[PDB]
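Chemist:
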Amino acid sequence: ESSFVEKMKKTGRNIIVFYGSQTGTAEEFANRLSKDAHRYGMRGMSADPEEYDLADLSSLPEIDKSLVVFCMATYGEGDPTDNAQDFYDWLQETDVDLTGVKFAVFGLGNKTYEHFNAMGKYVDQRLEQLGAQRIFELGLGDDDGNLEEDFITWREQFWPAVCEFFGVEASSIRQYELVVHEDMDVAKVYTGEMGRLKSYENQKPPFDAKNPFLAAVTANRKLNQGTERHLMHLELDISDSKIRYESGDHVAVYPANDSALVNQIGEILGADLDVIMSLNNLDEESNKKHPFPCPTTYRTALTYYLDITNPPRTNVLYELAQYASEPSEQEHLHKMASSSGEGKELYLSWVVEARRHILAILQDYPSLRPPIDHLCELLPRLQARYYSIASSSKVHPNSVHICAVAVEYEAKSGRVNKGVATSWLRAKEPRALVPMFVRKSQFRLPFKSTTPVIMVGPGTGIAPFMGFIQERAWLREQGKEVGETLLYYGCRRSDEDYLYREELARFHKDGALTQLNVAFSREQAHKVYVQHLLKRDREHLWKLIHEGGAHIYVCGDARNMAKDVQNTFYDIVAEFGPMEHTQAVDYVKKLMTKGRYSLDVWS
Ligand SMILES: Cc1cc2nc3c(=O)[nH]c(=O)nc-3n(C[C@H](O)[C@H](O)[C@H](O)COP(=O)(O)OP(=O)(O)OC[C@H]3O[C@@H](n4cnc5c(N)ncnc54)[C@H](O)[C@@H]3O)c2cc1C
Ligand SMILES: NC(=O)c1ccc[n+]([C@@H]2O[C@H](COP(=O)([O-])OP(=O)(O)OC[C@H]3O[C@@H](n4cnc5c(N)ncnc54)[C@H](OP(=O)(O)O)[C@@H]3O)[C@@H](O)[C@H]2O)c1
Ligand SMILES: Cc1cc2nc3c(=O)[nH]c(=O)nc-3n(C[C@H](O)[C@H](O)[C@H](O)COP(=O)(O)O)c2cc1C
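All letters in the sequence shown, in the order written, are residues 66 to 235, 240 to 499, 506 to 678 by the authors' numbering.
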C-alpha cells in the first residue's frame, strides 16, 4: 500500500532505482537502469524518493535477492535535490539498522563545483554506516566533460557485478552485426584515416583533430646520455598547414599500434586479418553507425582504430567469458567482474597491476579464442597522445618540437610492454609521417616581457619551458626589455638524464635564463628536489611574486611533483605574508584566476 517494499511484492520486483533529479537527467537514468533489470532474470521499477518513505528500506531483506540503486544529482552547496531532501534529512537524523540491504549509488555532478557529488558520496557512505552492503563501487558522474559516458561506463560494469554477486545470468547480445565484402573499390576502403575518406592521401586544409595533418619527422634524437632510459627530441614539420601554435600548447598525435603486436593476434586467434569488412549498428536509428571508420580490414582496425594495449575493463573480460573452451578459465574471466572479494583482488592483481594487455590475456588463457569481429567491438578506441611543445612559434614556426620519454618496462606479467605513442615515435626515421594536430591552451607567457617568469619543471617537464626560454631569448635579441626569467629543473644525475644541457647552459650564458637552478636527485647521498631549491630561494622568490608581479609555471607529473611544489609556495606566501595556511592558499587561488600561476601537469 505505502511501504515501497510491499508495492514490489505485488508487482514481482526485486530491484528499485531511486532518481534524485531536479532537471531530468537522474530519472532518465534511474529508469534506463531498471529497464535493463529485465535482461538479467530480474525486473525493477524506478521510483522517486519524495513519495514512499525510505525508512522502509529495512523491509528490503524480505524480497529475495533484492537491491536498491540510487541516482542522486547534486545541487548548490552539496544540497540534495528537492525530492531527495526528505530522504536526506532522514539519512542524518536516523539510526535505523539497514542490515542485509544491498545497494549501490551513482551520483551526478560537475567537477567545476566545490562540493562535487557531495550527495552521491554521502547517500553512499551513509548507508554503509547504517549497515548496508555496497554491491558496486560509487559512481562519480561528471557532467562538466561527459556524463553519458561515466554512466554508460558505470552501468557497463555494474550489471556483470550484480550477476557475479546475486547469481543472475546474461545472454551475449552483440551491438554490431558483421558484413564482409567481396569487391569494394580499394579507394573506398578505410586504411588508417581518421575522418575524411582519404584525407591521409590528399591532405586538404583546415587541419585539426577531425582531420589531422601528417607532419614529417625532420630530426629525431636521443636527448639523454644515460642508458637506462630513452628521452628523445622530435621535430615535426608543419610547413603548409597554416597550423599556428604558441609556446605552451599541446600537440596530439595519432599512433599506430605495434605491427608485431597486431599481427601476433590474428595468429593465436586463427583469423584472416585482411578481410575488408564492416560493423553495422543493430540500431539503424542512431549516429554510431560503426565502432571505427568502415569499411576496413581488421588489420587496419587493430592498428589505427583499436586499443589492444591498455588492460581490458572487467566487463570486456566478462563478455569474452564465453569464448573460453575450458570450464576453469571461463570461471575466472567471469569473476574479474566481481564487485569485491578475491575475484576483484585477482583482477587488480592479475590484470591491472601485472599489466596484461589483450594479447597477453589470449596467451595466458589459451582455451579462450573469441571470433575476431566480436572482439573488435568489445575493445575501446585507440586514443591520441598529447605532448607539450618544446618549440617557440616565434622561432621555427614550422617545426613543432616534442620532448618525451619512451615507455618500455619489464611488466609483472613476464613480457616487456612498450608504449604505443612513444615506441611508434621512436622508430620514425628522419618520408616518415606523424598524424597530428594542436590543442590550443591557456599556457602562455606574459604579454609584457618585463614581467618576471618562474618556471618549475623537472624531467620531461622541462618541455614547455624550452619553448618559453626561446621566445624570451628572442624578445631580448629583438630590442624589447625582458624581466627576470628563473628556471627550476631536476633529474637523477648529470651524466645520466640532464636534458638539454648545452641548449640550456647556453641560454644562461647569454641572458635568456637569469638563473638555472638544477636539482639533481641522485648525485649525492640523499635526494634533492626542485621544491627544496624554491624553499632556499623563498627569499628572492617572494619579492618576484609579490612586488615583481611574476607569473609561475609548474609542469611535469601531476602525482607528487605538482603537489609538493605548490605546497612550498603556500609555505612561502605564508611566511612572507604573513598569513595562516588558508590565507596563503587563497593568495595562490586568486593567482590562478589571474593567470600568474598555471599548471601543465600530467600523469
Ligand atoms: C596534456 C598532456 C601532456 C603530455 N606531455 C608529455 C610530454 O611532454 N612528454 C612525455 O613523455 N609524455 C607526455 N604525456 C604522457 C604521454 O602522452 C604518454 O603517456 C607517454 O608517451 C607513454 O606512451 P603512450 O603514449 O604510448 O603510452 P602507453 O603505451 O599507453 O602507456 C602509458 C601507461 O604505461 C604504464 N606504465 C608506464 N611505466 C610503467 C611501469 N614502470 N610499470 C607499469 N606500467 C607502466 C601506465 O599504466 C601508463 O598509464 C602527456 C599527457 C597529457 C595528458
Ligand atoms: N611508485 C613509484 O616508484 C614512482 C615514483 C615517482 C614517479 N613514478 C612514475 O614515473 C613518472 C615520472 O615521470 P618521468 O619519468 O618523466 O620523470 P623523471 O624524468 O624520471 O623524473 C623527474 C624528476 O622528478 C623527481 N621526483 C620524483 N618524485 C618527486 C616528488 N614527490 N617531488 C619532487 N620531485 C620528484 C625525480 O626523482 P627520482 O627519479 O629520484 O624519484 C626526477 O629528478 C610518474 O608519472 C609516475 O607515475 C613512480
Ligand atoms: C545551480 C546548480 C548547482 C549545481 N551544483 C553542483 C554541485 O555543487 N556539485 C556537483 O557535483 N554538481 C553540481 N551541479 C551539476 C548537476 O548535479 C548535474 O548537471 C546533474 O546532471 C543534474 O541532474 P538532474 O538533471 O538529474 O537533476 C549543479 C547544477 C546547477 C544547475
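A virtual CB, placed ideally from N, CA and C, is assigned to each residue, including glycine.
Tell me whether the beta-carbon of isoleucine 312 lies closer than 7 Å to the beta-carbon of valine 166.
Modeler: no
Chemist: Please go through the same chain and pick out, in chain order, the residues whose beta-carbon is closer than 7 Å to the beta-carbon of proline 274, but skip the five residues on each side of it.
Modeler: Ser310 and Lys311
Chemist: Please determine whether the Cβ atom of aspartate 570 lies at a distance below 6 Å from any heavy atom of ligand 2.
Modeler: no
Chemist: CB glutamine 606 to CB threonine 643, shorter than 7 Å?
Modeler: yes
Chemist: Cα separation between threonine 139 and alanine 235?
Modeler: 32 Å
Chemist: Quick one: give me the first and last residue of the alpha helix (DSSP H) that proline 466 is part of.
Modeler: Taken as a continuous stretch (DSSP letters only), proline 466 belongs to no alpha helix (DSSP H), as it is neither H nor E.
Chemist: Nearer than 6 Å: is that true of the beta carbon of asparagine 280 relative to any heavy atom of ligand 3?
Modeler: no
Chemist: For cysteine 566, which beta-bridge partners are listed by DSSP?
Modeler: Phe595
Chemist: For ligand 3, is there a heavy atom less than 6 Å away from the beta-carbon of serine 99?
Modeler: no
Chemist: Leaving out the 5 sequence neighbours to the left and right, which residues in its chain are closer than 8 Å to residue 17 when beta-carbon positions are compared?
Modeler: No answer is possible for residue 17: it lies beyond the span of the chain, which begins at 66 and ends at 678.
Chemist: In this structure, how does DSSP classify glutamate 127 when only helix, strand and coil are distinguished?
Modeler: helix
Chemist: Please go through the stretch 149-233 and give each complete beta strand (DSSP E) segment of 3 or more residues, from N-terminal end onward.
Modeler: With a minimum length of 3 residues, the continuous beta strand (DSSP E) runs that stay inside the stretch 149-233 are 167-174 and 204-207.
Chemist: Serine 407 to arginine 199, Cα distance in whole Å?
Modeler: 12 Å
Chemist: Looking at the secondary structure, which residues open and close the beta strand (DSSP E) in which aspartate 632 lies?
Modeler: First-last for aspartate 632: undefined, no H or E at that position.
Chemist: Does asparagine 293 pass the burial test, meaning 16 or more other C-beta atoms within 10 Å, or should it be called exposed?
Modeler: buried
Chemist: State the Cα-Cα distance for the pair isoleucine 80 and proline 126, rounded to the nearest angstrom.
Modeler: 11 Å
Chemist: Beta-carbon separation of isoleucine 337 and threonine 366 under 7 Å?
Modeler: no
Chemist: Is any heavy atom in ligand 5 found nearer than 6 Å to the beta carbon of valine 248?
Modeler: This structure lacks ligand 5; its bound ligands are ligand 1, ligand 2 and ligand 3.
Chemist: Name the two residues that bound the continuous alpha helix (DSSP H) containing residue 500.
Modeler: The model of the chain omits the segment between 499 and 506, and residue 500 is among the residues lacking coordinates.
Chemist: How about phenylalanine 181: is its Cβ closer than 6 Å to a heavy atom in ligand 3?
Modeler: yes
Chemist: For a minimum of 3 consecutive residues, which ranges assigned as the beta strand (DSSP E) are wholly contained in the stretch 392-465?
Modeler: 454-457
Chemist: DSSP three-state label for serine 99, please.
Modeler: helix
Chemist: Tell me whether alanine 490 counts as near ligand 1, meaning its Cβ is closer than 6 Å to at least one heavy atom of that ligand.
Modeler: Within the chosen limit of 6 Å, ligand 1 reaches the beta carbon of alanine 490 through at least one heavy atom.
Chemist: Measure from the alpha carbon of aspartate 151 to the alpha carbon of each residue in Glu179, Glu115, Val133 and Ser123, then state which is nearest.
Modeler: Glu115
Chemist: Apply the 10 Å Cβ neighbour rule to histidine 403 and answer buried if 16 or more other Cβ atoms are within range, or exposed otherwise.
Modeler: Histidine 403 is buried by the Cβ-count criterion.
Chemist: Start and end of the alpha helix (DSSP H) containing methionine 541?
Modeler: 537-552
Chemist: Which one of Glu422, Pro324 and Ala633 has the shortest CA to CA distance from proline 281?
Modeler: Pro324
Chemist: Can you give me the Cβ contacts of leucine 203 inside the same chain, cut-off strictly under 6 Å, excluding the 5 residues immediately before and after it?
Modeler: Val170 and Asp189
Chemist: Would you decide whether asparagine 182 is buried or exposed? Buried here means 16 or more other CB atoms lie within 10 Å of its CB.
Modeler: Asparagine 182 should be labelled buried.
Chemist: Go ahead and pull the three-state DSSP assignment for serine 355.
Modeler: coil
Chemist: What first and last residue would you give for the alpha helix (DSSP H) that runs through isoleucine 334?
Modeler: 328-338
Chemist: Assuming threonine 287 and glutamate 315 are in contact, meaning their beta carbons sit under 8 Å apart, how far apart are those beta carbons, in whole angstroms?
Modeler: With a Cβ gap of about 20 Å, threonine 287 and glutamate 315 do not count as contacting.
Chemist: With 16 other CB atoms within 10 Å as the buried threshold, where does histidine 601 fall?
Modeler: exposed
Chemist: What first and last residue would you give for the beta strand (DSSP E) that runs through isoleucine 81?
Modeler: 81-85
Chemist: Could you work out which residue in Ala285, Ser328, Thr372 and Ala278 is closest to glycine 261 when comparing CA atoms only?
Modeler: With distances taken between Cα atoms, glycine 261 lies closest to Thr372.
Chemist: With a CB to CB cut of under 7 Å and the five nearest residues on each side skipped, what residues in its chain are close to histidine 656?
Modeler: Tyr645 and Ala649
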